[PDB]
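Containing CSV, C-alpha atoms: target.csv.
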chain,number,residue,atom,x,y,z
A,1,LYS,CA,126.2,102.7,92.9
A,2,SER,CA,123.8,104.2,95.4
A,3,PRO,CA,122.8,106.7,92.7
A,4,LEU,CA,121.9,103.8,90.4
A,5,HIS,CA,120.2,101.9,93.2
A,6,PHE,CA,118.1,104.9,94.0
A,7,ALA,CA,117.2,105.9,90.5
A,8,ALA,CA,116.3,102.4,89.4
A,9,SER,CA,114.2,101.8,92.4
A,10,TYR,CA,112.0,104.8,91.8
A,11,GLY,CA,111.8,104.8,88.0
A,12,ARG,CA,113.9,107.8,87.3
A,13,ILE,CA,114.8,106.5,83.9
A,14,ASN,CA,116.7,109.6,82.6
A,15,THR,CA,119.0,109.4,85.6
A,16,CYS,CA,119.6,105.8,84.7
A,17,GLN,CA,120.5,106.7,81.1
A,18,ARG,CA,123.0,109.2,82.3
A,19,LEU,CA,124.4,106.6,84.6
A,20,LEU,CA,124.7,103.7,82.1
A,21,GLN,CA,125.8,105.6,78.9
A,22,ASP,CA,129.3,104.8,80.1
A,23,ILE,CA,129.6,101.5,78.2
A,24,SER,CA,131.9,98.6,79.2
A,25,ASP,CA,131.3,99.1,82.9
A,26,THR,CA,129.2,96.2,84.1
A,27,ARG,CA,130.4,95.7,87.7
A,28,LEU,CA,128.0,98.3,89.0
A,29,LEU,CA,125.1,97.2,86.8
A,30,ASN,CA,124.9,93.9,88.6
A,31,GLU,CA,126.1,95.0,92.0
A,32,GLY,CA,123.8,94.2,94.8
A,33,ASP,CA,122.9,96.2,97.9
A,34,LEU,CA,122.9,95.1,101.5
B,1,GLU,CA,73.0,94.7,106.2
B,2,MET,CA,72.1,97.6,104.0
B,3,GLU,CA,74.4,99.7,106.1
B,4,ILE,CA,77.3,97.3,105.6
B,5,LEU,CA,76.7,97.2,101.8
B,6,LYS,CA,76.7,101.0,101.7
B,7,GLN,CA,80.0,100.9,103.7
B,8,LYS,CA,81.6,98.3,101.4
B,9,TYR,CA,80.9,100.5,98.3
B,10,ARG,CA,82.2,103.5,100.3
B,11,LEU,CA,85.4,101.6,100.9
B,12,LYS,CA,85.7,100.1,97.4
B,13,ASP,CA,86.0,103.5,95.8
B,14,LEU,CA,88.3,104.6,98.6
B,15,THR,CA,90.9,102.0,97.8
B,16,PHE,CA,90.3,102.8,94.2
B,17,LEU,CA,91.2,106.4,94.9
B,18,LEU,CA,94.2,105.5,97.0
B,19,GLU,CA,95.6,103.3,94.2
B,20,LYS,CA,95.1,106.2,91.8
B,21,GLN,CA,96.8,108.4,94.4
B,22,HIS,CA,99.7,106.0,94.7
B,23,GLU,CA,100.7,106.2,91.1
B,24,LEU,CA,100.7,109.9,91.2
B,25,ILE,CA,103.2,109.9,94.1
B,26,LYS,CA,105.2,107.3,92.3
B,27,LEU,CA,105.2,109.8,89.4
B,28,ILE,CA,106.5,112.6,91.6
B,29,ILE,CA,109.6,110.7,92.6
B,30,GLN,CA,110.0,109.6,89.0
B,31,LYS,CA,110.1,113.2,87.8
B,32,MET,CA,111.7,115.3,90.5
B,33,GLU,CA,114.7,117.6,90.8
B,34,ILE,CA,117.3,116.1,93.1
B,35,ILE,CA,120.7,117.9,93.2
B,36,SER,CA,121.3,118.5,96.9
B,37,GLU,CA,120.4,115.0,97.9
B,38,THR,CA,122.4,112.9,95.4
B,39,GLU,CA,124.5,111.1,98.1
C,1,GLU,CA,74.1,99.4,115.0
C,2,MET,CA,75.4,102.5,116.9
C,3,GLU,CA,78.9,101.1,116.3
C,4,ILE,CA,78.3,100.9,112.6
C,5,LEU,CA,76.9,104.4,112.4
C,6,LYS,CA,79.9,105.7,114.3
C,7,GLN,CA,82.1,103.9,111.8
C,8,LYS,CA,80.2,105.2,108.7
C,9,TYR,CA,80.8,108.8,109.9
C,10,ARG,CA,84.5,107.9,110.6
C,11,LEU,CA,84.7,106.7,107.0
C,12,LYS,CA,82.7,109.6,105.5
C,13,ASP,CA,85.2,112.2,106.6
C,14,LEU,CA,88.1,109.9,105.7
C,15,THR,CA,87.1,109.8,102.1
C,16,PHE,CA,86.5,113.5,102.3
C,17,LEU,CA,90.0,114.0,103.5
C,18,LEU,CA,91.4,111.7,100.8
C,19,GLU,CA,89.7,113.7,98.1
C,20,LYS,CA,91.0,116.9,99.6
C,21,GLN,CA,94.4,115.2,99.7
C,22,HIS,CA,94.1,114.1,96.1
C,23,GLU,CA,93.7,117.6,94.7
C,24,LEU,CA,96.9,118.7,96.6
C,25,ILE,CA,98.9,115.9,94.9
C,26,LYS,CA,97.4,116.9,91.6
C,27,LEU,CA,98.6,120.4,92.3
C,28,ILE,CA,102.1,119.2,93.1
C,29,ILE,CA,102.5,117.6,89.6
C,30,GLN,CA,100.8,120.7,88.2
C,31,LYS,CA,103.4,123.0,89.7
C,32,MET,CA,106.7,121.1,89.8
C,33,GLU,CA,110.2,121.6,88.4
C,34,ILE,CA,111.0,119.0,85.8
C,35,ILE,CA,114.2,119.5,83.8
C,36,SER,CA,116.1,116.2,84.2
C,37,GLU,CA,113.0,114.0,83.3
C,38,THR,CA,111.7,115.8,80.2
C,39,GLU,CA,112.1,112.7,78.0
Let me see the structure of the file written as structure tokens.
Amino acid sequence: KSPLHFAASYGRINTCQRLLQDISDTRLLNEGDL
Amino acid sequence: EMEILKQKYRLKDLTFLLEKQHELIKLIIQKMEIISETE
Amino acid sequence: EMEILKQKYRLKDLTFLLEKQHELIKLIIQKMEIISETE
């Protein structure tokens, strides 16, 4: 969550690929922060 | 007024350098090793 | 006009510092560990 919110906010795209290669898990993909 | 127009050009390239500088720092965070600080 | 000439010198060293700052950031990307972000 906080790994994905950090990696997407600063363009670390390979970190986002290793966080979203786990398919059929879409609760964290649209989860919002504070 | 010639002093102001010299200062405007000396500021116009300064903000051009800072924007060029800003994308470099954005690239540093984009490509950086983070293992100890991965929350 | 003395205020403008004080401000021009306070801007001339500011852009001198920023150019000195820019080569440091260029050195950071030049010498940086990149393993996770190697495309």
(request) Using only C-alpha atoms, determine which residues lie at most 12 Å from residue C:11, disregarding the query and same-chain residues fewer than 4 positions distant; provide the list as a VMD selection string. (result) (chain B and resid 6 to 14) or (chain C and resid 4 to 7 15 to 18)
(request) Find the residues of chain A in contact range of chain B, meaning any atom within 12 Å when counting all atoms listed in the file, and list them as a VMD selection string. (result) chain A and resid 1 to 16
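Taking atom CA of residue B:37 as the reference point, atom CA of residue B:23 is found at 22.6 Å.
One finds atom CA of residue A:18 at 17.5 Å from atom CA of residue A:31.
Interatomic distance, atom CA of residue C:33 to atom CA of residue A:22: 26.8 Å.
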Given 3 Å on each side, where is the centre and what are the edge lengths in Å to one decimal of the axis-aligned box enclosing the listed atoms of stretch 8-12 of chain B, as AutoDock Vina command-line options?
--center_x 83.3 --center_y 100.9 --center_z 99.4 --size_x 10.8 --size_y 11.2 --size_z 10.0
